[PDB]
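> Structural data only, the sequence is not supplied:
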């Protein structure tokens, strides 16, 4: 549903049918609300407890198709460009892609075969390094985030005498903003996420209606403007 | 197995720091339980009371190979002078003070009366005090050229009753095993009076049995009131 339709049905659902019509929204306001609804819906549908169904990323066909056009596969770049201080003497630092929203699968290709990366918590790190062995299980590797600047930097811990060749990350791409019109203006160029040009919703058309409905709900909550509406609809930011 | 291997195997068998409920011990507790398991196991082996083995000190090759490294031989010719005995011809000898159980005990004799048999090795027979009165005059079980009566007395002594003079006293006993200490313990602490690291002197065959018994003792210690 290209952005002109986003604006047109936004008007239709917002004010064109209201009994006491509210002032129509500017295109910047509609773009901001649509982008906010996009992020809110993505976070709602990624986590099962964020929506009424209780279903997450791959808990039904609908969720799979929802995040289908947002999934991306990239590689981590070895961070030997500059020195650094790792928390572990035996961890190799890798930089994840910049346009990363959420990681759902990671894998490392070593000389000793491919191994699934298990992101270990700070409590599991302390528990596991109190043990005599302190290495992953046969077909897995460990991961902990390290000092990150401008992008997520990642420490990979593999078994001894293993060299990493590739480090693939299957992640959810950061959604691009929904901008209806060229936001360029003589009085000042405004941006949604650093882009002023027209930006289509690059997700599957299945959730475009949900994004529009959430945008309308946010618009009406802003219209009322009391604390109750803001807190009630702010619970779904998540 | 070494001390590092002892500790690591102890942790692995106890499932330390795993996801399931488990038990974590300090190296002092590991040393204490390993030493207790060691000494319990060897005493039960010597007495033949272990149901698993059910064999005595040297009743099979397995037990020989287990307790081979505690067997110590001892020689002494000095006699303690001022002591009160149960007979005129009673001589007293010191014990090495690290003995656990005397297993071989023989006595060489030097006297003129047994002419041309001088320097005869004589079998020290440990005799209870019930039999002493009726064994002093016994010509088949009493003191003689080929037999000496030893009675245990206080202060780690051995009262040898012989008809002839006793010159030398030979022993082969089971010694105090060195404790299993996995770390140089802080000041004040010790196991069997030893503060530094102490490796098990027995053979590796029995180290894993000792580890299993120590683990069982650990679970008993943590699970005797719940």
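Noted; the coordinates are in hand. Residues are numbered from 1 along each chain as shown, chains lettered A, B, ... in the order given.
> which element follows the longest helix seen in chain A toward the C-terminus?
Taking DSSP state H as the criterion, chain A has its longest helix at helix A:27-46. Where DSSP states H and E defines the elements, the next helix or strand beyond helix A:27-46 is helix A:61-68.
> buried set for the longest helix of chain A?
Using 16 or more other C-beta atoms under 10 Å in any protein chain shown as the test for burial, helix A:27-46 gives A:27-28, A:30-46. C-beta here means a position set from N, CA and C on the backbone, and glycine is covered the same way.
> Just list what that helix packs against, helices and strands only.
Helix A:27-46 makes packing contacts with helix A:3-11, helix A:61-68, helix A:208-224 when contacts are defined by 3 or more C-beta pairs under 8 Å, 6 or more residues apart in numbering or on different chains; DSSP states H and E.
> Any idea what residue A:72 is bridged to?
residue A:171 (DSSP bridges).
> What distance do you get for residue A:16 to residue B:7?
Going from residue A:16 to residue B:7 by C-beta to C-beta, to the nearest Å gives 77 Å.
> List, one by one, the residues from chain A near chain B.
A:127, A:128, A:130, A:131, A:132 (C-beta under 8 Å from any C-beta of the partner chain).
> Dump the residues you listed to CSV, plus neighbour count, secondary structure and distance to residue A:101.
Shown next, in CSV, are these (neighbours: other C-beta atoms under 10 Å in any protein chain shown; DSSP: H, G, I helix; E, B strand; the rest coil; distance: C-beta to C-beta, whole Å):
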residue, neighbour count, secondary structure, distance to residue A:101
A:127, 15, helix, 29
A:128, 18, helix, 28
A:130, 12, coil, 34
A:131, 14, coil, 34
A:132, 14, coil, 38
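> Can you name the two of the residues you listed that sit furthest apart?
Farthest-apart pair in these is A:127 and A:132; separation 12.9 Å (C-beta to C-beta).
> looking at the helices and strands packed on helix A:27-46, which is closest to residue B:83?
helix A:61-68 (93.6 Å).
> So what touches the closest one?
Residues outside helix A:61-68 that contact it (C-beta atoms under 8 Å, 6 or more residues apart in numbering or on different chains) are A:42, A:45, A:46, A:55, A:56, A:57, A:58, A:172, A:203, A:204, A:206, A:207.
> and which of those residues is nearest chain B?
Comparing the contacts of helix A:61-68 against chain B with C-beta to the nearest C-beta places residue A:56 closest, at 23.3 Å.
> Look at that closest one and say how many residues are nearby.
16 (other C-beta atoms under 10 Å in any protein chain shown).
> ok, now how distant is the closest residue to residue A:207 other than its chain neighbours from chain B?
Distance criterion C-beta to C-beta, 6 or more residues apart in numbering or on different chains; nearest residue to residue A:207, sequence neighbours excluded, is residue A:66 at 5.4 Å. Residue A:66 sits 33 Å away from chain B, taking C-beta to the nearest C-beta, to the nearest Å as the criterion.
> How many neighbouring residues does residue A:66 have?
Neighbours of residue A:66 (other C-beta under 10 Å): 20.
> Now for residue 103, which secondary structure element holds it?
Reading this off chain A. Counting by DSSP H and E, residue A:103 is part of strand A:100-110.
> Chain B, not that one
Assigned by DSSP H and E, residue B:103 falls within strand B:99-109.
> For the most centrally placed residue in chain A, which residues are in contact?
By C-alpha atoms, centre = their mean, chain A has its centre lying nearest to residue A:101, at 2.8 Å. Residue A:101 sits next to A:42, A:70, A:171, A:172, A:173, A:174, A:175 when contact means C-beta under 8 Å, 6+ apart.
> Surely residue B:9 touches residue B:3?
No: contact criterion C-beta atoms under 8 Å: residue B:9 and residue B:3 do not qualify, at 10.8 Å.
> if we can go back for a sec, determine which of the helices and strands packed on helix A:27-46 approaches residue B:140 most closely.
helix A:61-68 (98.4 Å).
> in the closest one, what's buried?
A:63, A:66, A:67.
> can these go into a markdown table with extra columns for distance to residue A:219?
Formatted as a markdown table, the buried residues of helix A:61-68 follow (distance: C-beta to C-beta, whole Å):
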| residue | distance to residue A:219 |
| --- | --- |
| A:63 | 26 |
| A:66 | 23 |
| A:67 | 25 |
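> tell me the contacts of residue B:152?
By C-beta under 8 Å, 6+ apart, the contact set of residue B:152 is B:126, B:158, B:159.
> and with 10 Å instead?
B:95, B:102, B:126, B:128, B:129, B:158, B:159 (C-beta atoms under 10 Å, 6 or more residues apart in numbering or on different chains).
> Wasn't it part of a helix?
No: the assignment for residue B:152 is strand, going by DSSP: H, G, I helix; E, B strand; the rest coil, so no helix is present there.
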